[PDB]
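> Need a 3D model of the sequence below.
(3 chains)
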Amino acid sequence: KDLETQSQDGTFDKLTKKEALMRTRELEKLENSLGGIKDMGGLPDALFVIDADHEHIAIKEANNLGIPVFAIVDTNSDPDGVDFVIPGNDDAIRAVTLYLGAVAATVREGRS
Amino acid sequence: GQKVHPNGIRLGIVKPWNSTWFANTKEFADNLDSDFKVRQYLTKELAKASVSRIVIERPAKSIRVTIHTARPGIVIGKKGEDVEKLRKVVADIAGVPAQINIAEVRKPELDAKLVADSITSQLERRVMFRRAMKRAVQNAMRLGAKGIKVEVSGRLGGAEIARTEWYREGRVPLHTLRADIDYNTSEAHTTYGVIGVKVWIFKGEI
RNA sequence: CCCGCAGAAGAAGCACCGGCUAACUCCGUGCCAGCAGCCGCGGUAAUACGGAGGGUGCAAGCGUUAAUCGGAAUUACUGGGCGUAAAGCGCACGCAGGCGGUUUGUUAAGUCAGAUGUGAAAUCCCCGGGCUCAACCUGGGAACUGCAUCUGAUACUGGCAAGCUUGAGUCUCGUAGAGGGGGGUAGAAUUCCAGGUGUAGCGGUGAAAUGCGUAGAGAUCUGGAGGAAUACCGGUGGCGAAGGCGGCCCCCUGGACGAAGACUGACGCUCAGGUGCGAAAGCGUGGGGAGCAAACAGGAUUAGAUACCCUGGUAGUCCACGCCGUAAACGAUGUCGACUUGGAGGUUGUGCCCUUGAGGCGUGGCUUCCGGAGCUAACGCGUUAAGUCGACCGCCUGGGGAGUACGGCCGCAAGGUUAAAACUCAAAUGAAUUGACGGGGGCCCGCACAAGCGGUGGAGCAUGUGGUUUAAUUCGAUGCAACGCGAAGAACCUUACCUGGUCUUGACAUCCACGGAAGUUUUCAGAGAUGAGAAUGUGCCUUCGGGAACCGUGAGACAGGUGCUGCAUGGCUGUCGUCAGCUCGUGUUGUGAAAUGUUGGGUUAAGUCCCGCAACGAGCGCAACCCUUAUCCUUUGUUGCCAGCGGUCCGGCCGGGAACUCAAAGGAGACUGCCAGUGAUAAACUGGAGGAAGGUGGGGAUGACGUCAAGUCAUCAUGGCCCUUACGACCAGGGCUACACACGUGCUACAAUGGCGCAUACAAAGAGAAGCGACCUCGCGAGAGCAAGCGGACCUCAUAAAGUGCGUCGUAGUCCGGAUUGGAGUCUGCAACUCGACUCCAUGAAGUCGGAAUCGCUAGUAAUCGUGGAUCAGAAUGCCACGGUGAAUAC
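Numbers count the residues shown, from 1 in each chain, chains lettered A, B, ... in the order given. Coordinates below:
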């Protein structure tokens, strides 16, 4: 949250450009992976996922603090740990944006 | 057994000297023991005021002294009269008139020596070292000090083969010249042998 | 049993107190004494030994030893095991024995319910009761887990009778197969032997020799004789109970698998003992004998080499018939059977669709690797289990002793088989983790090697160490990481040692008393320490009968020690190593020791950087921030400077100037910032550009966690212990410098890109007041006399040397080399003998480029030249700094 703000109006250039550059990458580096959680805070209430294997680290973790998961397991994966096992395909794209599109609907109602 | 005196190579970069005066080849040595003579004086007489460093400056051949200690009162007693007894004795073995100025150490548990001091007494009176050691470390840690590293040599605990403990917190960048790292020893010569204390404190930033 | 009398009065110990296991300190002793059930204590600071205090427990007892059970689920019926820990027979047929599919009837053995008798009493248990309670006695009940009989119940099990088909087995038909025995047989090679040819080697080894060959080998061709083995096919292929089984052909013969049916109708599963089989080596009788080859022979290798290597070579292996019966006879996994998610091959039958085209879809046998649940100590097993059960057998019960002895059985024999005990040790094992190591592997680095340059070791000399001698040749360091080291400097001093002379509350400190200033000056005996004297001063505050100073005597607490212990310490140091690593938190995996992170693809000087990845972060490190060197700018211009101009005794000597050198503070500048290529669009490497400098520009400081119980108790501090009319103190002379020896570290050499003389050029940095010391003067010179000047960009040290030019020298032990000695002198300093430095003259050795072995160095470095400094009165070729000249080589 530091870097993300500093780079565009805040603290980004009180140093040498290439050196001040290094923090920029860290900002993107932080943006690249951790970016999607910034807002989250605390801990989840649900952990929808697209696959079970490719993210096998989720199930063994998410089902460890109990956060309810929602997994589209291919006919290749292992549903064991997943809460609401949804048969389907991971390896597609028109299918997955349907799933997202499927979840996209009622998530838009929940807000209340 | 090879690290340079961390206060050493910082003289001029950060740390100002403990003596500030001038001389020439004739008297330079002559000055050294005398000012060492007063250092020998106060160090013996002022355990109980918790002295950290004494600053010597020779102005126009009329010595000036500063006492870096915890209790500006307890060195002077009441009305400050007591230090007058301390003022003139100083000059005598020095040779020139002396006004003896004094500086109160604000974060008592932050100067190395005083911290290293406290350890000695607690360790000097048969009290468990770790119960104080890590208590000592944790102390200035939350009083605000980026890093602390104490180290005790000796035959700790009334042992029979010597070894060394230590401890570390925060940062103690002993290669960064830019840093401020207070440092002092204050050995402990208890009933059983002599045991040492080294403390590194990254008190400052530049 | 009851009552009265007397008084606190007649009555408290034993073990242990390190963990086990309740309860600890002190002293004594020093691997002694001793303790002890176990594990273990005892090396001068023992909670464990002996005493002491105190504590803990139990109590008229307490402990010790002995004995049984427990703990021990280490004999496991309850309630153990067997892939590797102890342990599945090597394998098979199979009698006794155990166990047995499914249906109905029956019987009533087992089983089961009720009853009956007997199950002696006391004892054990339950409610009581009786001795004041208790123990003890005792009433009544329960129980005495049982046995026999009567009466039944009939599920399950058994007997018996009758079935049934899944289990099991027979037949019909094919299919594959190194299954087994016998009897032929073919090609290739091996050696042999006879001919032809033809000629000096052949064979062999790390390199050789043994051996074979001019009575002609080896080579090549032709041919014959033999013996044993079957290339290629050949394959984590096949076949067999297991051992094991391989060219082709034929005869004899076992097992397996599949089809659609047929048929008996539980005929089963296993099995101590028993019978049979059963690699290799070996035994016996008799055949064979090419190759291989125990044993042995010879040659080598080695320190030795009854081996590893080489040339040969007997038995043996090969065949027949007997024998032996053991093997890591090992998927280290008993046999039979049921069941329990998948994936991919292989091999061999068979059904169907399209063989419509190497196919596609089923259904069976056997087999190979990886894997899930689950299981196991983990490692791994995983539908062919080590999973889930059931039947039967074998086998285990610490290690060694010992698979042995004894006896039995077997054997021609070697031996096999069945198989103890005493005694002895508290361990022996298994799997797995972290490191370390490897004459294991891969990758990467450093003057580590290689390529060069120059030294070492040979010589003399200076210096340090071992050895040796000594009155003493102090003490310490003494693999790299001691050895020109502590020592940045021993004639005296230093000095710690030696002989002799002496002192002892003292040479140095605090504290007490008196006489008395402190100090000043001076003689004799004496090596000196001291002893014995002779004069002068009488001084600061007045409590003033004294101060406070300072000298002496006197008294005692003490003082003093460079005395032993760096293995009781602190502090400081070397070092692996400027090596790039070392760790932690949080989370995850694992029962756990731990792991991951920190690995990997690349990349770098670097766990530096990017990416990926059960990791995300962090600390200490690397780098950076500090010094200095390289280019440039702003201020200032002296004691330093001299450009353009005046004067010039042309020399910054004088005005004078403020540009340049330079001096010094403060800024700039190098960041892979720009360009191209290569590269995973990444980091990054490569080359160019500008630039003084280009890839951490050069050099330095800064040395991680730890290792070495590495140094040092003598710099210092220091617990201990230690000595104290001395291991402490003061003095003189001596040693620390000794010299049959040996080593390390340097200096100068052996010469001609060099020595010598004359002329002559260019440096840096530094040092200076009981100091550095011009000018001038005398001496061959070392230096002496006088002596401005400078605590210092101004004075002095101070004259750089190699260089350069000119003449000279002629390969010599020479004008090389300069030691050793001779006399003769100078300075320092009380003092130059032991033992200084330098100068004059004479003297002129060894030595001619140095064995094995060996060290340093990657550019202004090596090499070579000279200068200053510290240490110090005096004393460098040692150490530390400075500038000059100026390379070779890295594939």
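
> what about the residue in chain B positioned nearest to RNA strand C, how many neighbours?
At 2.6 Å from RNA strand C, residue B:196 is the closest residue in chain B, using Cβ to the nearest atom of the strand. C-beta: built from backbone N, CA, C; applies to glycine. Close neighbours of residue B:196, defined as other Cβ atoms under 10 Å in any protein chain shown, add up to 19.

> Name the nearest residue to it, ignoring sequence neighbours.
Once its chain neighbours are removed from consideration, residue B:196 has its nearest residue in residue B:153; the separation is 4.0 Å (Cβ to Cβ, 6 or more residues apart in numbering or on different chains).

> Pretty sure residue B:33 sits in a helix.
Yes - using DSSP: H, G, I helix; E, B strand; the rest coil, the secondary structure at residue B:33 is a helix.

> Is the longest strand anywhere in chain A positioned near RNA strand C?
Scanning chain A for the longest strand, with DSSP state E as the assignment, gives strand A:69-73. No - figure legend: strand A:69-73 not in contact with RNA strand C (Cβ under 7 Å from any atom of the strand); closest approach 14.4 Å.

> got the contact list for that strand?
Strand A:69-73 has contacts (Cβ atoms under 8 Å, 6 or more residues apart in numbering or on different chains) with A:46-53, A:58-59, A:62-63, A:77, A:79, A:81-90, A:96, A:99, A:103.

> Just the buried ones among the residues you listed, please.
Among the contacts of strand A:69-73, those that count as buried by neighbour count (16 or more other Cβ atoms under 10 Å in any protein chain shown) are A:47-52, A:58-59, A:62-63, A:77, A:81-83, A:85, A:88-90, A:96, A:99.

> Roughly how far does the residue of chain A found nearest RNA strand C sit from residue B:121?
Relative to RNA strand C, the nearest point of chain A is residue A:18 (4.2 Å; Cβ to the nearest atom of the strand). Separation of residue A:18 from residue B:121 (Cβ to Cβ, to the nearest Å) stands at 52 Å.

> cool, residue B:197 as well?
Plainly put, residue B:197 is 11 Å away from residue B:121 if you go by Cβ to Cβ.

> Would you map the helices across chain B?
Using DSSP state H, the helices assigned to chain B run over residues B:28-45, B:72-76, B:81-94, B:112-124, B:129-144.

> coming back round to it: with neighbour numbers in mind, choose between residue B:197 and residue B:121.
Looking at residue B:197 and residue B:121 with other Cβ under 10 Å, you find the greater number of neighbours at residue B:197, namely 26 against 14.
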